[PDB]
$ cat final_1.pdb   # PDB, C-alpha atoms
ATOM      1  CA  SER A   1     103.492 -98.591 210.663
ATOM      2  CA  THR A   2     104.520 -98.530 207.020
ATOM      3  CA  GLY A   3     105.771 -96.055 204.453
ATOM      4  CA  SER A   4     105.739 -95.983 200.668
ATOM      5  CA  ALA A   5     107.524 -93.445 198.461
ATOM      6  CA  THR A   6     108.108 -93.119 194.744
ATOM      7  CA  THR A   7     111.721 -92.945 193.565
ATOM      8  CA  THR A   8     112.460 -91.185 190.271
ATOM      9  CA  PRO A   9     115.514 -91.338 187.977
ATOM     10  CA  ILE A  10     117.501 -88.109 187.947
ATOM     11  CA  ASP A  11     118.184 -88.296 184.189
ATOM     12  CA  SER A  12     117.517 -90.301 181.025
ATOM     13  CA  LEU A  13     120.249 -92.847 181.886
ATOM     14  CA  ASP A  14     119.015 -93.789 185.373
ATOM     15  CA  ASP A  15     122.310 -92.524 186.803
ATOM     16  CA  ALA A  16     120.655 -92.298 190.223
ATOM     17  CA  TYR A  17     117.199 -92.144 191.776
ATOM     18  CA  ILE A  18     115.757 -89.469 194.059
ATOM     19  CA  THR A  19     113.026 -89.910 196.659
ATOM     20  CA  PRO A  20     111.260 -87.026 198.423
ATOM     21  CA  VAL A  21     111.887 -86.849 202.182
ATOM     22  CA  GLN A  22     110.165 -84.514 204.664
ATOM     23  CA  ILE A  23     112.533 -83.016 207.255
ATOM     24  CA  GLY A  24     111.553 -80.752 210.114
ATOM     25  CA  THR A  25     108.487 -78.800 211.216
ATOM     26  CA  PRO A  26     106.974 -77.407 209.076
ATOM     27  CA  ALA A  27     108.226 -79.984 206.604
ATOM     28  CA  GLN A  28     111.125 -79.128 204.316
ATOM     29  CA  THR A  29     111.008 -81.582 201.411
ATOM     30  CA  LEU A  30     114.388 -82.596 199.988
ATOM     31  CA  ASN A  31     115.029 -85.132 197.232
ATOM     32  CA  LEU A  32     117.501 -87.659 198.593
ATOM     33  CA  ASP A  33     119.463 -90.503 197.025
ATOM     34  CA  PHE A  34     118.556 -93.631 198.997
ATOM     35  CA  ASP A  35     121.822 -95.538 199.341
ATOM     36  CA  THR A  36     121.921 -99.125 200.631
ATOM     37  CA  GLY A  37     125.728 -98.862 200.443
ATOM     38  CA  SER A  38     126.171 -96.197 203.137
ATOM     39  CA  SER A  39     124.723 -95.265 206.499
ATOM     40  CA  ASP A  40     124.587 -91.452 206.794
ATOM     41  CA  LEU A  41     121.550 -89.242 206.179
ATOM     42  CA  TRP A  42     123.158 -86.001 205.047
ATOM     43  CA  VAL A  43     121.726 -82.940 203.341
ATOM     44  CA  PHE A  44     122.651 -79.747 201.619
ATOM     45  CA  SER A  45     121.839 -77.059 204.150
ATOM     46  CA  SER A  46     121.935 -73.399 205.122
ATOM     47  CA  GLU A  47     125.406 -74.254 206.506
ATOM     48  CA  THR A  48     126.830 -75.523 203.208
ATOM     49  CA  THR A  49     129.612 -73.331 201.790
ATOM     50  CA  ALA A  50     127.716 -71.081 199.398
ATOM     51  CA  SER A  51     130.043 -71.633 196.427
ATOM     52  CA  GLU A  52     129.373 -75.383 196.748
ATOM     53  CA  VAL A  53     125.583 -75.066 196.369
ATOM     54  CA  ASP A  54     124.313 -74.907 192.769
ATOM     55  CA  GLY A  55     120.566 -75.462 192.506
ATOM     56  CA  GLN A  56     120.005 -77.967 195.328
ATOM     57  CA  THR A  57     117.211 -77.539 197.832
ATOM     58  CA  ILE A  58     118.652 -76.888 201.282
ATOM     59  CA  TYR A  59     117.600 -77.833 204.796
ATOM     60  CA  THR A  60     117.530 -74.812 207.119
ATOM     61  CA  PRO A  61     117.436 -76.114 210.702
ATOM     62  CA  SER A  62     116.742 -72.659 212.148
ATOM     63  CA  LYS A  63     113.346 -72.747 210.378
ATOM     64  CA  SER A  64     112.379 -76.110 211.925
ATOM     65  CA  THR A  65     110.773 -75.946 215.351
ATOM     66  CA  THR A  66     111.774 -79.568 216.022
ATOM     67  CA  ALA A  67     115.453 -79.271 215.038
ATOM     68  CA  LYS A  68     118.052 -79.566 217.787
ATOM     69  CA  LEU A  69     121.818 -79.303 217.377
ATOM     70  CA  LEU A  70     123.484 -82.581 218.361
ATOM     71  CA  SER A  71     126.156 -80.844 220.371
ATOM     72  CA  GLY A  72     129.733 -81.733 219.488
ATOM     73  CA  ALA A  73     128.825 -84.186 216.741
ATOM     74  CA  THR A  74     130.575 -84.052 213.370
ATOM     75  CA  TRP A  75     130.598 -86.301 210.328
ATOM     76  CA  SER A  76     132.805 -86.872 207.313
ATOM     77  CA  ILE A  77     132.294 -89.440 204.572
ATOM     78  CA  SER A  78     134.085 -90.546 201.425
ATOM     79  CA  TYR A  79     132.350 -92.690 198.823
ATOM     80  CA  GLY A  80     133.697 -95.359 196.492
ATOM     81  CA  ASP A  81     133.656 -92.921 193.563
ATOM     82  CA  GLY A  82     135.962 -90.463 195.338
ATOM     83  CA  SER A  83     133.264 -87.969 196.332
ATOM     84  CA  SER A  84     132.942 -86.700 199.893
ATOM     85  CA  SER A  85     131.077 -84.424 202.280
ATOM     86  CA  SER A  86     131.291 -83.370 205.927
ATOM     87  CA  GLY A  87     129.643 -81.187 208.534
ATOM     88  CA  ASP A  88     127.734 -81.098 211.809
ATOM     89  CA  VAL A  89     124.555 -82.796 213.019
ATOM     90  CA  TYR A  90     120.994 -81.962 214.038
ATOM     91  CA  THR A  91     118.250 -84.233 215.248
ATOM     92  CA  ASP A  92     114.854 -83.621 213.672
ATOM     93  CA  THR A  93     111.668 -85.319 212.521
ATOM     94  CA  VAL A  94     112.075 -87.159 209.213
ATOM     95  CA  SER A  95     109.264 -88.738 207.215
ATOM     96  CA  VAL A  96     109.461 -90.952 204.123
ATOM     97  CA  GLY A  97     106.280 -91.882 202.319
ATOM     98  CA  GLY A  98     104.133 -91.395 205.424
ATOM     99  CA  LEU A  99     106.518 -93.155 207.849
ATOM    100  CA  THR A 100     107.798 -90.768 210.537
ATOM    101  CA  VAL A 101     110.901 -91.017 212.735
ATOM    102  CA  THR A 102     111.436 -88.500 215.518
ATOM    103  CA  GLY A 103     114.947 -87.711 216.676
ATOM    104  CA  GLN A 104     116.628 -88.779 213.442
ATOM    105  CA  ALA A 105     120.212 -87.620 212.987
ATOM    106  CA  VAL A 106     120.199 -85.218 210.039
ATOM    107  CA  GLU A 107     123.805 -84.545 209.041
ATOM    108  CA  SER A 108     124.123 -80.984 207.754
ATOM    109  CA  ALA A 109     126.825 -80.490 205.126
ATOM    110  CA  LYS A 110     129.299 -77.697 205.615
ATOM    111  CA  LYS A 111     131.405 -78.963 202.696
ATOM    112  CA  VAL A 112     130.612 -81.167 199.702
ATOM    113  CA  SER A 113     132.898 -82.300 196.905
ATOM    114  CA  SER A 114     132.497 -81.042 193.358
ATOM    115  CA  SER A 115     130.495 -84.014 192.071
ATOM    116  CA  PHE A 116     127.737 -83.197 194.558
ATOM    117  CA  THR A 117     127.744 -79.478 193.753
ATOM    118  CA  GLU A 118     127.557 -80.284 190.040
ATOM    119  CA  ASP A 119     124.463 -82.485 190.438
ATOM    120  CA  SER A 120     121.598 -80.091 191.114
ATOM    121  CA  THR A 121     119.033 -82.915 191.341
ATOM    122  CA  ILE A 122     120.381 -84.606 194.500
ATOM    123  CA  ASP A 123     119.809 -82.733 197.770
ATOM    124  CA  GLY A 124     121.597 -85.334 199.915
ATOM    125  CA  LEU A 125     121.789 -89.031 200.712
ATOM    126  CA  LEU A 126     119.727 -91.303 202.933
ATOM    127  CA  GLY A 127     121.864 -94.264 203.975
ATOM    128  CA  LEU A 128     120.278 -97.695 204.311
ATOM    129  CA  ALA A 129     123.319 -99.902 205.043
ATOM    130  CA  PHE A 130     124.029-101.027 208.612
ATOM    131  CA  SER A 131     124.426 -98.363 211.282
ATOM    132  CA  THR A 132     127.938 -99.642 212.112
ATOM    133  CA  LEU A 133     129.091 -97.655 209.038
ATOM    134  CA  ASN A 134     127.605 -94.342 210.203
ATOM    135  CA  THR A 135     130.353 -91.700 210.364
ATOM    136  CA  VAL A 136     129.052 -89.415 213.137
ATOM    137  CA  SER A 137     131.633 -88.823 215.868
ATOM    138  CA  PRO A 138     131.971 -89.105 218.813
ATOM    139  CA  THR A 139     128.553 -90.793 219.085
ATOM    140  CA  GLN A 140     127.640 -92.937 216.099
ATOM    141  CA  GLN A 141     124.059 -92.469 214.902
ATOM    142  CA  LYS A 142     121.392 -94.846 213.600
ATOM    143  CA  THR A 143     119.993 -94.914 210.093
ATOM    144  CA  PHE A 144     116.415 -93.972 209.312
ATOM    145  CA  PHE A 145     115.581 -97.666 208.882
ATOM    146  CA  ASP A 146     117.189 -98.650 212.176
ATOM    147  CA  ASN A 147     115.236 -95.923 213.979
ATOM    148  CA  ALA A 148     111.958 -96.927 212.309
ATOM    149  CA  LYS A 149     112.407-100.697 212.552
ATOM    150  CA  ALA A 150     110.693-101.340 215.886
ATOM    151  CA  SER A 151     107.579 -99.449 214.749
ATOM    152  CA  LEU A 152     107.293-101.120 211.347
ATOM    153  CA  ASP A 153     104.756-103.870 210.759
ATOM    154  CA  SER A 154     107.668-106.039 209.562
ATOM    155  CA  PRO A 155     111.380-105.085 209.882
ATOM    156  CA  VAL A 156     111.964-104.797 206.142
ATOM    157  CA  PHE A 157     112.252-102.343 203.300
ATOM    158  CA  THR A 158     111.996-103.053 199.581
ATOM    159  CA  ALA A 159     113.606-101.467 196.518
ATOM    160  CA  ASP A 160     111.685-101.599 193.232
ATOM    161  CA  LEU A 161     113.733 -99.427 190.880
ATOM    162  CA  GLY A 162     112.412 -98.645 187.421
ATOM    163  CA  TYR A 163     114.138 -98.868 184.062
ATOM    164  CA  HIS A 164     113.820 -95.383 182.570
ATOM    165  CA  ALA A 165     110.807 -94.935 184.843
ATOM    166  CA  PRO A 166     109.899 -94.246 188.474
ATOM    167  CA  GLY A 167     109.852 -97.003 191.055
ATOM    168  CA  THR A 168     109.096 -97.460 194.737
ATOM    169  CA  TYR A 169     110.738 -97.787 198.144
ATOM    170  CA  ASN A 170     108.446 -99.423 200.719
ATOM    171  CA  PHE A 171     109.073 -99.686 204.449
ATOM    172  CA  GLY A 172     107.480-102.246 206.742
ATOM    173  CA  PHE A 173     105.661-104.461 204.227
ATOM    174  CA  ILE A 174     106.183-106.531 201.082
ATOM    175  CA  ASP A 175     103.830-105.577 198.219
ATOM    176  CA  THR A 176     102.911-108.973 196.779
ATOM    177  CA  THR A 177     101.497-107.280 193.651
ATOM    178  CA  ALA A 178     104.863-105.758 192.735
ATOM    179  CA  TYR A 179     106.669-108.898 191.534
ATOM    180  CA  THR A 180     106.089-112.116 189.609
ATOM    181  CA  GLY A 181     106.737-115.630 190.820
ATOM    182  CA  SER A 182     108.332-116.081 194.229
ATOM    183  CA  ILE A 183     110.948-114.173 196.210
ATOM    184  CA  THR A 184     114.179-116.127 196.727
ATOM    185  CA  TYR A 185     115.954-115.229 199.952
ATOM    186  CA  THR A 186     119.707-115.483 200.447
ATOM    187  CA  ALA A 187     122.049-115.034 203.395
ATOM    188  CA  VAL A 188     123.641-111.695 204.276
ATOM    189  CA  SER A 189     126.939-110.970 205.991
ATOM    190  CA  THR A 190     126.997-107.721 207.956
ATOM    191  CA  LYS A 191     130.711-108.014 208.785
ATOM    192  CA  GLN A 192     131.636-105.076 206.527
ATOM    193  CA  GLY A 193     128.471-103.100 207.299
ATOM    194  CA  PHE A 194     126.908-103.753 203.880
ATOM    195  CA  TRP A 195     124.065-105.845 202.484
ATOM    196  CA  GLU A 196     126.671-108.390 201.400
ATOM    197  CA  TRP A 197     125.576-111.661 199.806
ATOM    198  CA  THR A 198     126.843-114.382 197.453
ATOM    199  CA  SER A 199     125.399-114.809 193.979
ATOM    200  CA  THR A 200     125.432-118.383 192.670
ATOM    201  CA  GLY A 201     126.657-117.564 189.150
ATOM    202  CA  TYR A 202     125.899-115.919 185.847
ATOM    203  CA  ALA A 203     125.031-116.337 182.202
ATOM    204  CA  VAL A 204     125.674-114.118 179.181
ATOM    205  CA  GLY A 205     122.758-113.831 176.772
ATOM    206  CA  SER A 206     121.359-117.236 175.876
ATOM    207  CA  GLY A 207     124.562-118.952 177.015
ATOM    208  CA  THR A 208     124.888-121.647 179.620
ATOM    209  CA  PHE A 209     124.786-120.693 183.272
ATOM    210  CA  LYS A 210     128.167-120.739 185.010
ATOM    211  CA  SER A 211     127.863-121.861 188.617
ATOM    212  CA  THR A 212     130.354-119.825 190.650
ATOM    213  CA  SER A 213     130.144-117.918 193.936
ATOM    214  CA  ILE A 214     130.304-114.127 193.535
ATOM    215  CA  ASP A 215     130.375-112.202 196.830
ATOM    216  CA  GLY A 216     129.103-108.658 196.504
ATOM    217  CA  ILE A 217     126.920-105.910 197.930
ATOM    218  CA  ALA A 218     123.401-104.787 197.044
ATOM    219  CA  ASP A 219     124.007-101.054 196.559
ATOM    220  CA  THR A 220     121.202 -98.757 195.375
ATOM    221  CA  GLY A 221     123.631 -95.818 195.480
ATOM    222  CA  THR A 222     125.904 -97.210 192.754
ATOM    223  CA  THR A 223     124.733 -96.875 189.158
ATOM    224  CA  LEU A 224     126.470 -99.825 187.494
ATOM    225  CA  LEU A 225     127.123-103.535 187.995
ATOM    226  CA  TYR A 226     130.759-104.178 189.044
ATOM    227  CA  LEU A 227     131.900-107.799 188.810
ATOM    228  CA  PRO A 228     135.161-109.764 188.581
ATOM    229  CA  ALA A 229     137.235-109.148 185.470
ATOM    230  CA  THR A 230     136.717-112.732 184.235
ATOM    231  CA  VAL A 231     132.930-112.330 184.273
ATOM    232  CA  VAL A 232     133.011-108.871 182.695
ATOM    233  CA  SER A 233     135.367-110.017 179.918
ATOM    234  CA  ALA A 234     133.063-112.945 179.138
ATOM    235  CA  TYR A 235     130.125-110.525 178.819
ATOM    236  CA  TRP A 236     131.780-107.963 176.545
ATOM    237  CA  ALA A 237     133.354-110.667 174.363
ATOM    238  CA  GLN A 238     129.805-111.227 173.050
ATOM    239  CA  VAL A 239     129.561-107.633 171.768
ATOM    240  CA  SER A 240     131.407-107.023 168.501
ATOM    241  CA  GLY A 241     133.827-104.139 168.850
ATOM    242  CA  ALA A 242     133.554-103.821 172.620
ATOM    243  CA  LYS A 243     136.813-103.149 174.440
ATOM    244  CA  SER A 244     138.175-101.864 177.724
ATOM    245  CA  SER A 245     139.422 -98.299 177.335
ATOM    246  CA  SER A 246     141.905 -97.039 179.912
ATOM    247  CA  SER A 247     141.360 -93.465 178.698
ATOM    248  CA  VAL A 248     137.586 -93.614 179.142
ATOM    249  CA  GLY A 249     137.745 -95.680 182.331
ATOM    250  CA  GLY A 250     136.040 -98.939 181.427
ATOM    251  CA  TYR A 251     134.385-101.037 178.778
ATOM    252  CA  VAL A 252     132.929 -99.176 175.806
ATOM    253  CA  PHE A 253     131.068-100.585 172.842
ATOM    254  CA  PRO A 254     129.793 -99.390 169.467
ATOM    255  CA  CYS A 255     126.523 -97.546 169.917
ATOM    256  CA  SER A 256     125.216 -99.508 166.895
ATOM    257  CA  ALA A 257     125.418-102.776 168.871
ATOM    258  CA  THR A 258     122.531-104.749 170.317
ATOM    259  CA  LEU A 259     123.571-105.854 173.802
ATOM    260  CA  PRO A 260     122.947-109.343 175.192
ATOM    261  CA  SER A 261     121.196-109.855 178.494
ATOM    262  CA  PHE A 262     123.093-110.783 181.652
ATOM    263  CA  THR A 263     121.699-113.272 184.184
ATOM    264  CA  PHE A 264     122.789-113.542 187.811
ATOM    265  CA  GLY A 265     121.953-116.316 190.254
ATOM    266  CA  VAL A 266     120.173-115.944 193.578
ATOM    267  CA  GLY A 267     120.211-119.419 195.052
ATOM    268  CA  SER A 268     118.542-121.606 192.441
ATOM    269  CA  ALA A 269     116.675-118.591 191.015
ATOM    270  CA  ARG A 270     117.811-116.377 188.155
ATOM    271  CA  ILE A 271     117.452-112.617 187.601
ATOM    272  CA  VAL A 272     117.729-111.505 183.963
ATOM    273  CA  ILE A 273     119.081-108.030 183.198
ATOM    274  CA  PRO A 274     117.899-107.110 179.671
ATOM    275  CA  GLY A 275     120.624-105.922 177.323
ATOM    276  CA  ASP A 276     119.093-102.451 177.052
ATOM    277  CA  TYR A 277     119.683-101.929 180.791
ATOM    278  CA  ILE A 278     123.446-102.238 180.137
ATOM    279  CA  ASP A 279     123.582 -99.303 177.658
ATOM    280  CA  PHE A 280     124.753 -96.063 179.296
ATOM    281  CA  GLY A 281     124.899 -94.104 176.083
ATOM    282  CA  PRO A 282     127.559 -92.093 174.296
ATOM    283  CA  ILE A 283     130.762 -91.441 176.224
ATOM    284  CA  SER A 284     130.455 -87.765 175.183
ATOM    285  CA  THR A 285     127.721 -85.974 173.260
ATOM    286  CA  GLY A 286     127.645 -87.113 169.637
ATOM    287  CA  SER A 287     130.089 -89.999 170.107
ATOM    288  CA  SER A 288     129.419 -93.392 168.536
ATOM    289  CA  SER A 289     131.253 -95.064 171.444
ATOM    290  CA  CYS A 290     128.863 -96.009 174.238
ATOM    291  CA  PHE A 291     129.635 -96.722 177.885
ATOM    292  CA  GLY A 292     128.896-100.169 179.308
ATOM    293  CA  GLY A 293     126.748-100.845 182.344
ATOM    294  CA  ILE A 294     128.757-103.899 183.458
ATOM    295  CA  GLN A 295     132.294-103.004 184.533
ATOM    296  CA  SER A 296     135.193-104.665 186.321
ATOM    297  CA  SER A 297     135.399-104.485 190.107
ATOM    298  CA  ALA A 298     139.127-105.296 190.029
ATOM    299  CA  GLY A 299     140.113-101.806 191.224
ATOM    300  CA  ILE A 300     137.375-101.531 193.874
ATOM    301  CA  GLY A 301     138.023-104.404 196.270
ATOM    302  CA  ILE A 302     134.389-105.557 196.292
ATOM    303  CA  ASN A 303     131.787-106.617 193.751
ATOM    304  CA  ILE A 304     128.822-104.249 193.564
ATOM    305  CA  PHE A 305     125.273-105.157 192.500
ATOM    306  CA  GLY A 306     124.304-101.587 191.699
ATOM    307  CA  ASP A 307     121.219-100.154 190.018
ATOM    308  CA  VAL A 308     121.817-101.981 186.706
ATOM    309  CA  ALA A 309     121.273-105.274 188.535
ATOM    310  CA  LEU A 310     118.805-104.198 191.206
ATOM    311  CA  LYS A 311     116.350-102.526 188.828
ATOM    312  CA  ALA A 312     115.839-105.896 187.113
ATOM    313  CA  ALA A 313     114.383-107.208 190.382
ATOM    314  CA  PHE A 314     112.079-106.584 193.297
ATOM    315  CA  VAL A 315     114.542-106.570 196.200
ATOM    316  CA  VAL A 316     113.722-107.205 199.859
ATOM    317  CA  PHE A 317     116.117-105.876 202.491
ATOM    318  CA  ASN A 318     115.131-107.978 205.497
ATOM    319  CA  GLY A 319     116.423-106.354 208.686
ATOM    320  CA  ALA A 320     115.343-109.071 211.072
ATOM    321  CA  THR A 321     117.762-110.129 213.817
ATOM    322  CA  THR A 322     119.495-112.262 211.192
ATOM    323  CA  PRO A 323     119.266-110.125 208.034
ATOM    324  CA  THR A 324     118.642-111.611 204.607
ATOM    325  CA  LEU A 325     118.090-110.343 201.062
ATOM    326  CA  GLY A 326     115.256-111.399 198.777
ATOM    327  CA  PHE A 327     115.078-111.131 194.993
ATOM    328  CA  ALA A 328     112.097-111.653 192.698
ATOM    329  CA  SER A 329     111.587-111.077 189.013
ATOM    330  CA  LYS A 330     109.003-108.438 188.073
TER     331      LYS A 330
END
$ encode --input "final_1.pdb" --output "structure tokens"
Amino acid sequence: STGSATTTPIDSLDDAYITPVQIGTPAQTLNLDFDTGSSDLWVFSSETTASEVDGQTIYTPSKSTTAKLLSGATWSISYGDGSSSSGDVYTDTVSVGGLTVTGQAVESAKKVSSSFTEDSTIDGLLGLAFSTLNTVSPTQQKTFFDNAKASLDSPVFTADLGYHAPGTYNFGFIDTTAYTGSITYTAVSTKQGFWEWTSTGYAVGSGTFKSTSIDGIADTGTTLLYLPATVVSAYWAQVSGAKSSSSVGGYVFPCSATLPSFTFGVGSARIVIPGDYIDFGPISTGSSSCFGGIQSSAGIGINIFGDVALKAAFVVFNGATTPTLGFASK
């Protein structure tokens, strides 16, 4: 089997991408944030505290003839940005782009933090990291991909995120028309539950490539590119007037600037992020200070190849017995 679904930016900045997902019988379609940095499939629901729902589409398990309470199971998750959600668990039929999993754990939110309530465009998350990170207790649950894997033509999924445009998540096959050149594969460590890999270095604009190992995670659920402070300082030093602002929370730059590209290494291959992908617009409406798309990871504990980096590539998440990641230009 295979599946193929379009993923669409939630706003003009590509802050996140939503993909329609069919849950239950008859189908209830919710727009979920596919997140290769977490491993829970959770949804706004008929059980979510009413004051914490503001425009999201909800899953109502009582209206699904295939829903079954997973008795005793609860979940609770906290994300790197400080947001969180928790609740109970149903199993139900879940389909993405024509690919169907029966008995998928659908984690129904009873509580969500304010950042989720305030984003009416995201109806939940669909985790695509390794199932060892799934938060369901007392019986940990498998991700959608883990449940589908055995049925897929090939045990892979691909992320092809658009710049200011829709893109595609495919399951079970690699669309050879969706990228240019060749795909370069690189080793993955699953020891922390993430799609963790080591970039071979970077360049700023037309500058020389610096060969240096940068361990980080491929994370579709994080907007920006978070790298070591040395790398980030070298980037922003090439933008006149750019500076790190403690009050804003990161590097800002004059909106009148033209940003240089940023290149990262994948083995001997190179992925170029155009400068325009690094512009996240005014810090507040009408401001001439703009927020940068490359930020320091120093306060995180891990480097994160988020959407800013991933949308410059066609990315293969290879879930074979020994997982690997592939990157191609496009």
$ resolve_selection --input "final_1.pdb" --expression "the PyMOL selection byres ((chain A and resi 55) around 10)" --output "MDAnalysis selection string"
chainID A and resid 52:54 56:58 117:123
$ resolve_selection --input "final_1.pdb" --expression "the PyMOL selection byres ((chain A and resi 27) around 9)" --output "CSV table (one decimal) with C-alpha atoms, in the coordinates of the input"
chain,number,residue,atom,x,y,z
A,21,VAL,CA,111.9,-86.8,202.2
A,22,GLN,CA,110.2,-84.5,204.7
A,23,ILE,CA,112.5,-83.0,207.3
A,24,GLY,CA,111.6,-80.8,210.1
A,25,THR,CA,108.5,-78.8,211.2
A,26,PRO,CA,107.0,-77.4,209.1
A,28,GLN,CA,111.1,-79.1,204.3
A,29,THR,CA,111.0,-81.6,201.4
A,64,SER,CA,112.4,-76.1,211.9
A,93,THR,CA,111.7,-85.3,212.5
A,94,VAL,CA,112.1,-87.2,209.2
A,95,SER,CA,109.3,-88.7,207.2
$ atom_distance --input "final_1.pdb" --atom1 "CA of residue 274 in chain A" --atom2 "CA of residue 260 in chain A"
7.1 Å
$ closest_residue --input "final_1.pdb" --among "A:297, A:271, A:219, A:321" --to "residue 233 in chain A" --atoms "all atoms listed in the file"
A:297
$ closest_residue --input "final_1.pdb" --among "A:296, A:48, A:131, A:86" --to "residue 146 in chain A" --atoms "only C-alpha atoms"
A:131
$ residues_around --input "final_1.pdb" --residues "range 167-183 of chain A" --least-positions-apart "6" --cutoff "9 Å" --atoms "only C-alpha atoms" --output "PyMOL selection string"
chain A and resi 1-9+17+19+34+96-97+99+145+148-149+151-161+269+311+313-316+326-330
$ atom_distance --input "final_1.pdb" --atom1 "CA of residue 293 in chain A" --atom2 "CA of residue 280 in chain A"
6.0 Å
$ atom_distance --input "final_1.pdb" --atom1 "CA of residue 298 in chain A" --atom2 "CA of residue 250 in chain A"
11.1 Å
$ residues_around --input "final_1.pdb" --residues "residue 283 in chain A" --least-positions-apart "5" --cutoff "9 Å" --atoms "all atoms listed in the file" --output "PDB file with C-alpha atoms, keeping the file's coordinate frame"
ATOM      1  CA  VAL A 248     137.586 -93.614 179.142  1.00  0.00           C
ATOM      2  CA  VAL A 252     132.929 -99.176 175.806  1.00  0.00           C
ATOM      3  CA  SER A 288     129.419 -93.392 168.536  1.00  0.00           C
ATOM      4  CA  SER A 289     131.253 -95.064 171.444  1.00  0.00           C
ATOM      5  CA  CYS A 290     128.863 -96.009 174.238  1.00  0.00           C
ATOM      6  CA  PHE A 291     129.635 -96.722 177.885  1.00  0.00           C
TER       7      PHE A 291
END
$ closest_residue --input "final_1.pdb" --among "A:239, A:262, A:221, A:165" --to "residue 204 in chain A" --atoms "only C-alpha atoms"
A:262
$ build_atoms --input "final_1.pdb" --residues "range 98-110 of chain A" --atoms "N, CA, C and O atoms" --output "PDB file, in the coordinates of the input"
ATOM      1  N   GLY A  98     105.098 -91.237 204.357  1.00  0.00           N
ATOM      2  CA  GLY A  98     104.133 -91.395 205.424  1.00  0.00           C
ATOM      3  C   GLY A  98     104.652 -92.047 206.687  1.00  0.00           C
ATOM      4  O   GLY A  98     103.914 -92.090 207.679  1.00  0.00           O
ATOM      5  N   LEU A  99     105.885 -92.550 206.683  1.00  0.00           N
ATOM      6  CA  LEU A  99     106.518 -93.155 207.849  1.00  0.00           C
ATOM      7  C   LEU A  99     107.392 -92.107 208.529  1.00  0.00           C
ATOM      8  O   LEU A  99     108.288 -91.544 207.899  1.00  0.00           O
ATOM      9  N   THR A 100     107.145 -91.855 209.810  1.00  0.00           N
ATOM     10  CA  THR A 100     107.798 -90.768 210.537  1.00  0.00           C
ATOM     11  C   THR A 100     108.718 -91.309 211.624  1.00  0.00           C
ATOM     12  O   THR A 100     108.312 -92.157 212.425  1.00  0.00           O
ATOM     13  N   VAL A 101     109.943 -90.787 211.663  1.00  0.00           N
ATOM     14  CA  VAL A 101     110.901 -91.017 212.735  1.00  0.00           C
ATOM     15  C   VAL A 101     111.160 -89.684 213.422  1.00  0.00           C
ATOM     16  O   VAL A 101     111.500 -88.700 212.762  1.00  0.00           O
ATOM     17  N   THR A 102     111.006 -89.653 214.736  1.00  0.00           N
ATOM     18  CA  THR A 102     111.436 -88.500 215.518  1.00  0.00           C
ATOM     19  C   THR A 102     112.862 -88.724 216.010  1.00  0.00           C
ATOM     20  O   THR A 102     113.298 -89.858 216.220  1.00  0.00           O
ATOM     21  N   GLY A 103     113.597 -87.629 216.162  1.00  0.00           N
ATOM     22  CA  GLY A 103     114.947 -87.711 216.676  1.00  0.00           C
ATOM     23  C   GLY A 103     115.949 -88.316 215.725  1.00  0.00           C
ATOM     24  O   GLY A 103     116.988 -88.819 216.168  1.00  0.00           O
ATOM     25  N   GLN A 104     115.683 -88.275 214.426  1.00  0.00           N
ATOM     26  CA  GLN A 104     116.628 -88.779 213.442  1.00  0.00           C
ATOM     27  C   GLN A 104     117.821 -87.841 213.330  1.00  0.00           C
ATOM     28  O   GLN A 104     117.655 -86.626 213.242  1.00  0.00           O
ATOM     29  N   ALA A 105     119.025 -88.412 213.274  1.00  0.00           N
ATOM     30  CA  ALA A 105     120.212 -87.620 212.987  1.00  0.00           C
ATOM     31  C   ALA A 105     120.194 -87.176 211.533  1.00  0.00           C
ATOM     32  O   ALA A 105     120.200 -88.007 210.617  1.00  0.00           O
ATOM     33  N   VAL A 106     120.154 -85.862 211.343  1.00  0.00           N
ATOM     34  CA  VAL A 106     120.199 -85.218 210.039  1.00  0.00           C
ATOM     35  C   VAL A 106     121.548 -84.511 209.972  1.00  0.00           C
ATOM     36  O   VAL A 106     121.795 -83.541 210.701  1.00  0.00           O
ATOM     37  N   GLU A 107     122.424 -85.008 209.113  1.00  0.00           N
ATOM     38  CA  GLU A 107     123.805 -84.545 209.041  1.00  0.00           C
ATOM     39  C   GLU A 107     123.856 -83.388 208.046  1.00  0.00           C
ATOM     40  O   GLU A 107     123.568 -83.555 206.859  1.00  0.00           O
ATOM     41  N   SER A 108     124.156 -82.202 208.546  1.00  0.00           N
ATOM     42  CA  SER A 108     124.123 -80.984 207.754  1.00  0.00           C
ATOM     43  C   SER A 108     125.495 -80.757 207.133  1.00  0.00           C
ATOM     44  O   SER A 108     126.497 -80.680 207.850  1.00  0.00           O
ATOM     45  N   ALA A 109     125.550 -80.658 205.808  1.00  0.00           N
ATOM     46  CA  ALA A 109     126.825 -80.490 205.126  1.00  0.00           C
ATOM     47  C   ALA A 109     127.342 -79.068 205.280  1.00  0.00           C
ATOM     48  O   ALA A 109     126.647 -78.096 204.962  1.00  0.00           O
ATOM     49  N   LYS A 110     128.570 -78.948 205.753  1.00  0.00           N
ATOM     50  CA  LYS A 110     129.299 -77.697 205.615  1.00  0.00           C
ATOM     51  C   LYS A 110     130.121 -77.669 204.338  1.00  0.00           C
ATOM     52  O   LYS A 110     130.312 -76.598 203.750  1.00  0.00           O
TER      53      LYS A 110
END
